[PDB]
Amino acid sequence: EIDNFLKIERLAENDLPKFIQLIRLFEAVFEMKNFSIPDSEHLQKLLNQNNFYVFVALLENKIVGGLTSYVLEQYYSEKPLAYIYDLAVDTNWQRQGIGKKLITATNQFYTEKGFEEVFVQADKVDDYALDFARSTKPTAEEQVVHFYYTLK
């Protein structure tokens, strides 16, 4: 069974090729139109940051899913928060346990680092993403409203 072959890996600084592969998976799975990938100098800078962690799911050397996360150091606690910003699984591999393994590995990593909490969000209209998140034993869920300002 694939469970005995799937590997979850946290990307290191030499993993720009795998990071680009995951961004391409995001482009495909989120159906991003007219996307121009940032230059590799920028993506390398991001991968080098101490507050950004990428996890990928691999079968052989093929990336079948992954997630991105940001560290938010807190002023209320000495234990940080982690914000999972994106998670996606290749459409051919969905509903096979990969997303759950990615969440498990991510939360294990941040537990070992002494973080307080990990969080992730889904759009109210995204039935697929909500059903997934509700299957990962989250501590709680809350309805929230997101506001943004597009800058000039």
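When you see a residue number, it is the position in the sequence shown, counting from 1.
In this entry, the higher average B-factor at the C-alpha atoms falls on 5-13, of the pair 138-146 and 5-13. For the two regions 93-101 and 66-74, the entry's Cα B-factors average higher over 93-101. Remark: of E27, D126, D86, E117, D126 shows the highest value [criterion: C-alpha B-factor in the PDB entry]. Looking at the C-alpha B-factors along this chain, the one for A57 belongs to the middle third.
Among all modelled residues in its chain, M32 ranks in the highest third by Cα B-factor.
Ranked by Cα temperature factor within the chain, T106 sits in the lowest third according to the deposited record. For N50, the recorded CA temperature factor ranks within the highest third of the chain's modelled residues.
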